[PDB]
Every structure is written in structure tokens, then in C-alpha cells.
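First, one chain by itself in C-alpha cells, the form deposited without the named molecule.
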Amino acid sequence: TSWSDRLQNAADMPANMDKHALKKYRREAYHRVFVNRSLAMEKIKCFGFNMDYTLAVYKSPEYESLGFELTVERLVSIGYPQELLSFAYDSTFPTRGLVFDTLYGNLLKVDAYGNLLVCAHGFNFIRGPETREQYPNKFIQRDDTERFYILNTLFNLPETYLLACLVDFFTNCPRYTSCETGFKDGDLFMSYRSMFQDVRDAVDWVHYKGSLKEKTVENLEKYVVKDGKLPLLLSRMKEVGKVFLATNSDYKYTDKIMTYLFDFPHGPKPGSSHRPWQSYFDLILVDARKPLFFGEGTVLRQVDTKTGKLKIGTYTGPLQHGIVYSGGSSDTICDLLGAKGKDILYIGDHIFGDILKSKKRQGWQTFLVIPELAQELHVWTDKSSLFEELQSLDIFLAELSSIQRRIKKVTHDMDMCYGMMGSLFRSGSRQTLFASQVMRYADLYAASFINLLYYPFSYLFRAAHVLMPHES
């Protein structure tokens, strides 16, 4: 059972909009919206979306596996060894939000301070004492962006696994000699940095020049979660405010995917006339180039929706019915919709490019979709005895080293329930960078934005006020 199996199972159920049923449903963690800061929904005047991994949630592990295969094939076609063709995607290895250290070729799971929680070199998980040669303070400067790359999105899952596959391969293939910063093959030296760059380039290439989009659109039922409740929720949002789309994808791809998401023999409700996906938006903007979108952005262009090409010139006109925009900036949305930032709830899956940036640069209110939560919540509840034991052990230890061996063991067994790289949100009792960023920048979060359907228009989402230690 993947997290997308969980999402599609809930997608298959029609909405029971009876008030009491809705209240009952949203008690379950799976259908809940979680609250980091209080938010009065009555004050939201605009609902903003992105498409990829928010409206269009790609099925797992099929879509990751497709991306992986195509990226591998691209590396082989540019000269990587034939053995890469024996690799096969393994969904049990990667967790999202890991950091690739391009100097030493390690995948690192870190906390908000850059402290090391896990370190894997290829598939070798390096124990604490042995990480000290390379990380003498068990720490990285995680904003040293020339050295460290943060794998934030679900699109980064294939490369997360591939990086580990490649380090493992070169390490164990006697044609190469392993060095601290890369591999020697006679008079050729491949640094981990250059290897990483090749992987990144190949992933970009697969998406923008290769066959990934074409292979996705030829089998949308295999690759994309589909939910009759989507048009219902968007139609309801439009009854109380404005609705917009700001996507990094292009118009041709957006139109294919969105047409699929709205392809039912009805509109918002069974029995209602089907309506084109575009009719659900007051403003549609493609090629957004987030995160630059939230600063200077790019020139505002108009899409010719017949051809899918941009009209020539910068668009200087007003918001009009049927127009589709390309590029621009977050100021375009505000200006054209007559909104200030706090009037907007932006619904994103990219912790950096959607959530952190809209919050910090523009003061937008935020909703983070975290698809893996659909399955992490099941693990959390099913294995809760392990976390609770860990908690008791931490308490007992603090109440002034056999206990320390036990803490490592329980931490490991708990973490393995999630995958080889553990929970998205923690390793044992230590929170991840990703968890910290979710708490700090996402006002609301959930396994799916669909969970807003279970709360009324006027709902006041509440979080407890925070007190400093000296105020308690």
C-alpha cells in the first residue's frame, strides 16, 4: 500500500455533504487539515493552486519508476556504463528532503540546524563514530548551496535513489578506484560533484526534452490520481472567493493533465453538466518560474490557447474572460484579482518554491500538501507503541548507557517502519529540516488539499499560542 493507493482509495469515495457526516469524517487524521498557525477561513478571498503534485498527484511508485528509467536511459545514451540498465527503482530507499553532499557523495538526513541524523554512502549507512572523519562536528552548513543540494519535491525521489545507486555501483565495480571526492578510471576522474550535475541535467532533460510527459499523457489512469471531489471543492471555493492556478508547467501539458482531472460525465456534482477545467479559474497562469515568480518574476505573456504558443510581446491588458497568462510575478495575481497577500491561501507541495517563498516574500497564507502523510499517518498510529517507548526512555535517561543502546535500537526499528531513510518528519525523537520548515512556513497542511471539503466556509482553524520558556 503506497501513499498514492491511500489517496486514490479516498478519491474513489463520493462526497457525503451532510453536516454531521463531514464533521465525523474530518476527525480521522487521514481527512484532517492540520494547523501550525490560526487561520480564519472567512478572511480568505482567493484560493490559489499549483498543478503538479497538488491538483495532479502522480501515482507511486509507478511515476517515480518511469522518471528513474528514463533518467537512467538518458545517462547511458550520453556515455554512462551499460550496467546502469540493470538498476530498478526501489521505493523503500528514498525519503524526501535529503541533502546530497557533492563533496563526499553522501545522502544526508539532517535537522533544522544541519545536524546529521542519517548518512548513507551509496547503500552503506554510516554509524555515528565513522561519520566524524568527514563531518567532525556531525554538522553541515546547509545553506552552502554550492556544496549541498536539498531534494525537496516528489520529482526528486528518482534522483535520490539514482544517486545512491551510482555511488554504490562505482564503489563496487573494480574498473574504478574510490577516492574521497570521486572515482578514478585510469586517466579519467569523476567527482561526485560532476556525477551529481549529470544526474540533475538528465532529470531536467527527461522532463523538458525527453519522453516523460508523452509517456505520462498516454496512460493517465496509470500515472495520475483522479477524484470526482476535485471539481466539487473548486466549485465551492468559487462560490465564496476567487480561484487561480499558478503552475511551473507549460500550457500544452497543463491542458492535457487538467482535462483528465475534470473528465467525468458530470460537472461539480453527479447530475450536473460537465464544464471545461478552465471555467473553474478566475485566473490561469502557466510557466510561472517559482520561486523567481515571488520576486522579480518574468515578463507577463499571453498564451494563444488554440496553438499553445505565446503571443509575441508583453501583455499590458486587463484580466479578461478566457485569457491565459504565462510568466509574470506574484504581483500580477494580486493586482489582477484585487487581493492583498493575507487574502490569499496558496495551496502548494513545494516547501521552498511554493510555501516558504510566498509566505516570506509576500505574506501569503499557505497550505502545504504532503502526499506521503496519507501513509505515514497509518504507520504513526500502527507503530505508536515504539514512539511511546522512545519517549519513556528519553524521560528515564534524563532523570539521572545500557539505556543509550536501547534508544538507538528503538530509534532504528521505528525509523525502518517508514523506509530505509525513515520518516519525512523525524529520526527517532529528532525532527527533520523538512518538519521544521513545515511548522515554520505552512499555516495549514494535510495529506491532500481535498480535506478542505470537510470544513465549512466560515471555519476557524486554531493553533495554540506559543510561549517562551520564561513566560511559562
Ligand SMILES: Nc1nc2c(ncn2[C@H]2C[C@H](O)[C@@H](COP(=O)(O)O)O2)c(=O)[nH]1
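For every residue, the number given is its place in the sequence shown, counted from 1.
This protein has a second form, the form solved in complex with the named molecule, left out of what is shown; the following refers to that one.
From the list 190-198, 240-248, 273-281, 329-337, the contact stretch for the named molecule in the entry with it bound under a 4.5 Å heavy atom rule is 240-248. At the 4.5 Å threshold, heavy atoms of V33 stay clear of the named molecule in the entry with it bound, well away from it. The named molecule in the entry with it bound comes within 4.5 Å of a heavy atom belonging to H207. Taking the partner from the other structure, the named molecule in the entry with it bound has a heavy atom within 4.5 Å of a heavy atom of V203.
For the chain shown alone, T432 is not a contact residue for the named molecule in the entry with it bound, no non-hydrogen atom being within 4.5 angstroms.
The partner is absent here, but in the entry with it bound a heavy atom of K213, alone among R74, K213, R96, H121, sits within 4.5 Å of the named molecule. Proximity to the named molecule in the entry with it bound, defined as a heavy atom within 4.5 Å, holds among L424, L66, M51, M41 only for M51.
In the entry with it bound, the named molecule lies within 4.5 angstroms of a heavy atom of only one residue of 144-169, namely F155.
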